[PDB]
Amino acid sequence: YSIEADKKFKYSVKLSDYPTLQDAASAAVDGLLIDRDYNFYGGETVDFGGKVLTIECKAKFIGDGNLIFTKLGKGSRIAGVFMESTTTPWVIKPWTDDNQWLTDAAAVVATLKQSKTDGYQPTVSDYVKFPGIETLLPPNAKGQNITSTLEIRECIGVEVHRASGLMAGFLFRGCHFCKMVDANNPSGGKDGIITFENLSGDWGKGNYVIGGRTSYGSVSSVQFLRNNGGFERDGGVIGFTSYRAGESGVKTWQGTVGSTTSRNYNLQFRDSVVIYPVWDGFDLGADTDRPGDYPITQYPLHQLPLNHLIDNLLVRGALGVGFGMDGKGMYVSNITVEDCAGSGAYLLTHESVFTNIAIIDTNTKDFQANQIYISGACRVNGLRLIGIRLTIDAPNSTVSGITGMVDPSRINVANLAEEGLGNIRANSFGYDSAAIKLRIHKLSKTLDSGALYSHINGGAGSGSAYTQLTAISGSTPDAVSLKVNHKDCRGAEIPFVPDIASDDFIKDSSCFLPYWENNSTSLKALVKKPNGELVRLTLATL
């Protein structure tokens, strides 16, 4: 029978049969079932002997610190893992029962409680976010470092599916072609919830976060360090949701970490959602002189050819910035940012194109100077602004297609134009007139310089209106105007110079300019003949 049994049954060992995880690992052939809670010590390392194993978790890994998995064969899968700290730390909860953010340091300190979730452990970044909290926090709530972390070290082709936990963290160190798939809402600890760190060895490649969601955590939900997906854009975040990150939803690191670069290139960031981060929704900048990366002489600060594939992202409720990045030659599309306390978008980009961007009700707490900022020479095609609550400062950018109830005096761009519209109709509702206004921002950002109006004569249903063409004078909009059909008179009312017109008032040849001659109660006309010569004629008399 043994011979037969050996050939007809699925191989799997279970943790309940062993004293340590290494013992179970050594006995494993195909499957490994975690069927009993396992308390690990920080630094506990398991060697899987290069075996391609399928690890099924039906119990918890309990401990503060890291449980290190090494030498898993390409193709290994870990499903249902649950990490939980042994320590219950002090956490702050900077929001109200009505989901309003608390910004006052004293109010935030008052939320202190010991819990493994529904809040996070304060870090130094909180000292910046809630000014004065550093001196108000009790000493036992400062400098905590609790995280139950599953660290996968220097493995290739390992996938972690449906992972969860309390004060949990997942770290892929020196890994390639690894994936965090369908994270089952783990509640984060002190460190990043999902981190792909490749500071040593080759640049990380093939590393992804696919689907799923995370909640809380003291810093960023997803973090990448020194990853390059190559031209194939093999890596990134797709279909993910981050809720209430203590720092940002998704972050690509910037600057030097250790003695090398922590920057990232050629990754995808698509079809993802970030809601209520304490700092930013997406922090995709690379610069904060670049050991291990492009020298500043090749690419100036904020002008690295990051080349990320960015599309279809939604951000809501950030206490910081909704969408942030830097880089040169980028194409960004279909971004929707709503209800953020700081800038909806903070873009330190140059020679980049943004298509179909919607920034709706951001910088609601005036944390920044504007709702959307762009530093370099960029192109914006399709920009929706204003929901129900400067708006845009992009000094060197050319923009087309803004929609929304924007206050024109709060727009600053290099050039704004609608070059390809067809025949136009201006439809006016709730007013006695329709209007097409012109505003030269160089002259004034607050006053329209001229207009074409249509005004009702009489009342509704009169079938009569008068058209008026206006110009500003003495900083008084519409000070001077020509009217057609005022009071249904069917004639044109023409403005004349109130005094003797000077020779220089007339512009073109074969034109005449009426002027008043008060001493004779006469209208005169300064005429510039077809030949360019001036002559003054009598136009109308008593």
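The first residue of the shown sequence is 1; numbering continues from there.
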| query | finding |
| --- | --- |
| Unmodelled stretch of the deposited sequence separating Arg389 from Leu390, binned as none, 1 to 3, 4 to 9 or 10 or more | 4 to 9 |
| Gap size, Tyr299 back to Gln298 (deposited sequence, no coordinates) | none |
| Segment of higher mean CA temperature factor, 249-257 or 97-105 | 97-105 |
| 333-341 or 451-459, whichever carries the higher mean Cα B-factor | 451-459 |
| Among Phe282, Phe170, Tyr294, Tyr243 - the residue whose C-alpha B-factor is largest in the record | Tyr294 |
| Residue with maximal Cα B-factor (values as given in the PDB entry) among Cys175, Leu347, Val124, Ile210 | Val124 |
| Record-listed C-alpha B factor of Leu443: chain third | highest |
| Chain-relative CA temperature factor third for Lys129 | middle |
| CA B-factor placement of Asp287, once the chain's modelled residues are sorted into thirds | middle |
| Third of chain Cα B-factors occupied by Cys155 | highest |
| Where the record places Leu421 (Cα B-factor, split into thirds across the chain) | lowest |
